[PDB]
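In: Here's my sequence, what's the structure:
(6 chains, ligands or ions: 6)
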Amino acid sequence: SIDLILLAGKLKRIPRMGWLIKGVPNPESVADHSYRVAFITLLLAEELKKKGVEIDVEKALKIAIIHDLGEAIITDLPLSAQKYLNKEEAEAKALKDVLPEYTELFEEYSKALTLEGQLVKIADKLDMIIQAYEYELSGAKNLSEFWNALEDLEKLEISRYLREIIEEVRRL
Amino acid sequence: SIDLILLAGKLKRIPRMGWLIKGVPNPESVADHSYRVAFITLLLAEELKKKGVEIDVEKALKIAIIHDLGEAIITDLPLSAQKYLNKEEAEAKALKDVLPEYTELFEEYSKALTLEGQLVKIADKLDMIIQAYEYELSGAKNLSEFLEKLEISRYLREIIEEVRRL
Amino acid sequence: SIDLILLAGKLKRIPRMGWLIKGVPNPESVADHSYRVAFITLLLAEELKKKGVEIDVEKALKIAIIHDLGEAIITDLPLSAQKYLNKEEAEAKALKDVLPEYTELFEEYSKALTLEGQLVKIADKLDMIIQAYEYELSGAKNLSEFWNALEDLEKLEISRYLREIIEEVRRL
Amino acid sequence: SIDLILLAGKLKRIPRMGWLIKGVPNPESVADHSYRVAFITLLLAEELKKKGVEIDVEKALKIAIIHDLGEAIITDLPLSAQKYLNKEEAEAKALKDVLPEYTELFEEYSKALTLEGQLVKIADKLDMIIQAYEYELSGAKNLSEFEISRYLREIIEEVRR
Amino acid sequence: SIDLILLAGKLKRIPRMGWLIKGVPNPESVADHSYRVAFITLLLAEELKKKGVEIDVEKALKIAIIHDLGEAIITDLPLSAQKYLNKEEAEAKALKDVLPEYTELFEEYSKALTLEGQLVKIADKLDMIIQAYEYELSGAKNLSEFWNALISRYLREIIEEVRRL
Amino acid sequence: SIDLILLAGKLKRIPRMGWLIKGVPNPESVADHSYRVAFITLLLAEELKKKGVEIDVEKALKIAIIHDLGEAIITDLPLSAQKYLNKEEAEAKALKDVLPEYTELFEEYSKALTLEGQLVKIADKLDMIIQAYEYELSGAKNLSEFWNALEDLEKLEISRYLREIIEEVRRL
Ligand code: NI
Ligand code: NI
Ligand code: NI
Ligand code: NI
Ligand code: NI
Ligand code: NI
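Out: Numbers count the residues shown, from 1 in each chain, chains lettered A, B, ... in the order given. Ligands and ions are numbered 1, 2, ... in the order given. Below is the structure:
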């Protein structure tokens, strides 16, 4: 379907709103972010294989590609907005309406039960933390709280097989 | 309060999402929009005065200033998102938290029963309609989707005609 | 008239030039600026009603909305240019030519002859000083001179009633 | 490695130069582009599957992720530049130096040597064609110039329409 | 002086205001504009020289380089602003205070006192006309008035090529 | 020829890639850069005349104007790309094909052996280093390497006549 392709194209324009609201001047798009979540997911999957941890790599990659696709309809609701609206719920509804196909993949990510869902959750957070560091390098002085995501990572069981990359990142 | 001023400053950075998702390259901010909504309200309140219609202009200007201030917290949710989320309810909740003193003014705007509430509603739509035509002059070919249902439009036929004649 | 509305739309596009020349990447428009001047005017008006000071709020909001509308013709000439050009008088004359009712209001702001005019002058400078702080948070190191406006706030009769918000903003 | 992740981040900032040179004012980044190639690759692989065509979906998705990663080092060289400079050859070397393990995947893509490589080449072209249509909707008037296809006749004609 | 180079760097940021007000989304800077005015001045000067005209190429190039430099202080005054403010006068005063050594060259430009001064004026207009055509290719529909701008007996090949756009 | 002029117009839009890849948010164009290189060349030529060093100013300004014009075709290849591609060779070829009459001028620039070639090489590096300082003022923390080009100037004989400006630049 061309409509689905045009729908994913909205992620090239929809900004990542956390950065924007902080006054980061040319904030990345949701497509920008999702691209690197996929790349990170690929790298972390290979690291998990090295450690003998069984990962369905194909599944993890699909989840990374689709995980923020609901934002093509909902937009990237910032934390401030999430006090008053249920972001994942509206994303899930909108995903169900255009790609029911991938409804179970979003739930995996969203519920973060499966190793594959947790991995993408970790890739998601790593993209964001690393991106905060890069925006500080270009001048942002107000992104310290985007590092509170590391404490969240350790919450996930799979994080115990990724202590070396989590440390590489701490070392920023 | 500097914090409230900072809050209002977020409107300088929050984009108007309709234009952005359509592909308008440097879409206006919510402050840009709210500015001209206040200007249009002032202008139309004077044309109403001439026609012998009574308008509390102070109230109408206050309403225009605050009408999208909730979007500093909520952002400017596009129509696509409004299928899944209640825009106006979320803005009302947010405003009640930070600016409870402007809770009634936002309710006037949303209900659009008073002349002042309806005026700002009309001003809101005119800014958008006129902005679509302006972005079309600079290349947008996909804004065709961007008033008579409001009682007050009968006092404002001339400006509505001028807009339509664009 | 739709021409006046089109004229006001120009403030959405016209940059605030002092930021731009300093290297602030995506500086606010004159409309962004005037929007928050109106907001600040409304806050301070209410603050002055508390203190029992009589302000015509309608008039003060009108002045805030129109105070930079002549820049739609003149543009926002920076300090450097104001050494060679009479900006306030060029604006008054431009405004006279498009809406003579708006010339009187501009003059209240410009010459600070009324309490309402003074209030907008202060709101105008508070927007700017706070905006410099915000642009500092996102990387700007060369904006210290935009705090020199704080001293100018004290020159007006109205500032005797705003010794608080002044201190709030000095603290920054 | 954080270096690789930093390297891939450069794609969020490196512009798709074809559009930029045509005068498109806020051109997509290489990441933006690669995101939608990955999405299109997925969608099309599932259409191939519906038809009973064998395809390693995992491999195709990996290739889509990495297929423009060399551009994080080389940048996205426009056509005008490719008359003087060998873009694929430069991207292949750059990639080898950072991700030697994906050298053969890149080769499958760049020389369209497998069904998976072909699929990503197709998704890659479809993103650019559809993006040119999108930039025409927002104002561009100068974008007209912008085997496994036997299984993809439906989507190819949806695009033509 | 580093202050002079910082002064010239302001032109990389100061936008060409006519396009901006028209709604052209990422308008060229004054430096972008001056760069191509200098390039066109070089082309035009070499065309005159080949056709047998006595032309000081070095001078015309210096003039092209400095001709909008007063806009580092004054900014790029649009037509609307010029009904109320004297632009060239303001530019001349500002140049006088920072680059007094280029006052006489700016005068050649501003008053078209020399052939080299005139040539830069011609390059200046050509840049603008051709840039309107470029911004129309990318979507602008409201730039017709910027084609109104269209020795020239030695420049008829180029002026006809521009007309043909 | 309108084609030549359209070609030079490409420099208005082509970014200086070094900045962009660093995260500088609205980086200068090649034309922005090339403008100030021409400016600095003029300025330095005049400083050299005061020190008794004759320069062919006409030639030096032509060189400054054409020196990055091949980037209209090739783009501004960053250092990362230069490890795999011959930038200078590809620009010379592109120039030869469009402006064969300025081939020797771009040779002088690229070799930087003649007085005029050295002069424009100095101006080019000075524009870059000073631009790096300007971008740091607006928030970049990751541009220190660009100052290493100061070291490359001493290797050009003519810089012994330009010690006062080179010291001002170091003083930033
Ligand atoms: Ni995400
Ligand atoms: Ni509104
Ligand atoms: Ni103001
Ligand atoms: Ni590609
Ligand atoms: Ni000029
Ligand atoms: Ni250069």
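In: Could you pull out the helices in chain A for me?
Out: A:2-13, A:17-21, A:30-50, A:57-66, A:71-74, A:79-82, A:87-98, A:103-111, A:115-137, A:149-154, A:163-170 (DSSP state H).
In: got JSON lines for these, with mean neighbour count and distance to residue E:14 too?
Out: In this view, the C-beta of every residue, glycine as well, is placed from N, C-alpha and C. Listed next are those as JSON lines, based on neighbours: other CB atoms under 10 Å in any protein chain shown; distance: least, CB to CB, whole Å:
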{"stretch": "helix A:2-13", "mean neighbour count": "20", "distance to residue E:14": "28"}
{"stretch": "helix A:17-21", "mean neighbour count": "21", "distance to residue E:14": "25"}
{"stretch": "helix A:30-50", "mean neighbour count": "23", "distance to residue E:14": "30"}
{"stretch": "helix A:57-66", "mean neighbour count": "25", "distance to residue E:14": "43"}
{"stretch": "helix A:71-74", "mean neighbour count": "26", "distance to residue E:14": "37"}
{"stretch": "helix A:79-82", "mean neighbour count": "15", "distance to residue E:14": "35"}
{"stretch": "helix A:87-98", "mean neighbour count": "18", "distance to residue E:14": "41"}
{"stretch": "helix A:103-111", "mean neighbour count": "18", "distance to residue E:14": "47"}
{"stretch": "helix A:115-137", "mean neighbour count": "23", "distance to residue E:14": "26"}
{"stretch": "helix A:149-154", "mean neighbour count": "14", "distance to residue E:14": "40"}
{"stretch": "helix A:163-170", "mean neighbour count": "14", "distance to residue E:14": "41"}
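In: who wins for proximity to ligand 2 among those?
Out: Ligand 2 lies closest to helix A:79-82 among the helices of chain A, at 16.9 Å (CB to the ion).
In: hmm, who's touching the closest one?
Out: Here helix A:79-82 makes contact (CB atoms under 8 Å, 6 or more residues apart in numbering or on different chains) with A:18, A:21, A:87, B:73-75, B:90.
In: for those residues, which one is nearest ligand 3?
Out: For those, the minimum distance to ligand 3 (CB to the ion) is 23.8 Å, reached by residue A:21.
In: Just list the residues touching that closest one, thanks.
Out: By CB under 8 Å, 6+ apart, the contact list for residue A:21 reads A:78, A:80, B:10, B:13-14.
In: residues contacting the residue at minimal distance from the centre of chain A?
Out: By CA atoms, centre = their mean, chain A has its centre lying nearest to residue A:124, at 2.8 Å. Applying CB under 8 Å, 6+ apart to residue A:124 gives the contacts A:37, A:67.
In: where does chain A come near chain B, residue by residue?
Out: Contacts of chain A with chain B, taken as CB under 8 Å from any CB of the partner chain, map to A:10, A:13-15, A:17, A:20-21, A:23, A:73-75, A:77-78, A:80-81, A:83-85, A:90, A:93-94.
In: Mind doing that once more with 6 Å?
Out: Proximity of chain A to chain B, by CB under 6 Å from any CB of the partner chain, involves residues A:10, A:13, A:20-21, A:73-75, A:80-81, A:84-85, A:90, A:93-94.
In: Tell me, how many residues neighbour the closest residue to residue A:26 other than its chain neighbours?
Out: Spatial nearest neighbour of residue A:26, excluding adjacent residues (CB to CB, 6 or more residues apart in numbering or on different chains): residue F:25 at 4.6 Å. If you count neighbours by other CB atoms under 10 Å in any protein chain shown, residue F:25 ends up with 24.
In: so who does residue F:25 touch?
Out: Neighbouring residues of residue F:25 by CB atoms under 6 Å, 6 or more residues apart in numbering or on different chains: A:25-26, C:25.
In: run the last query once more with 7 Å
Out: Neighbour list for residue F:25: A:25-26, A:138, C:25 [criterion: CB atoms under 7 Å, 6 or more residues apart in numbering or on different chains].
In: Residue A:111 too?
Out: So residue A:111 contacts residue A:117 (CB under 7 Å, 6+ apart).
In: Okay, it and chain D: tell me how far apart.
Out: Residue A:111 is 21 Å from chain D, where distance means CB to the nearest CB, to the nearest Å.
In: Same check on residue A:90?
Out: Note on residue A:90: its distance to chain D, by CB to the nearest CB, is 21 Å.
In: residues touching that residue, list them.
Out: A:74, B:84-85.
In: so what's it closest to, chain neighbours aside?
Out: residue B:84 (4.1 Å).
In: Angles on the backbone of the one you found, please.
Out: phi -120, psi -20 (degrees, to the nearest 10).
In: how many neighbours does the closest residue to chain C within chain A have?
Out: Going by CB to the nearest CB, chain C is nearest to residue A:139 of chain A, at 2.4 Å. Residue crowding around residue A:139 was assessed by other CB under 10 Å; the count is 27.
In: Please look at it and residue C:137 and confirm they touch.
Out: No - here residue A:139 does not reach residue C:137: they are 9.3 Å apart, not a contact under CB atoms under 7 Å.
In: TSV for the contacts of residue A:90, including distance to ligand 4?
Out: Output for the contacts of residue A:90, formatted as TSV (distance: CB to the ion, whole Å):
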residue	distance to ligand 4
A:74	27
B:84	32
B:85	34
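In: Closest residue of chain A to chain E?
Out: Taking CB to the nearest CB, chain A has residue A:26 as its residue nearest chain E, at 11.8 Å.
In: circling back to that earlier point, check contacts around the residue of chain A closest to chain C.
Out: Shown in contact with residue A:139 (CB under 7 Å, 6+ apart): C:138-139, F:138-141.
In: 10 Å instead?
Out: Residues near residue A:139 by CB atoms under 10 Å, 6 or more residues apart in numbering or on different chains: A:23-25, C:25, C:135-141, F:23-25, F:135-136, F:138-142.
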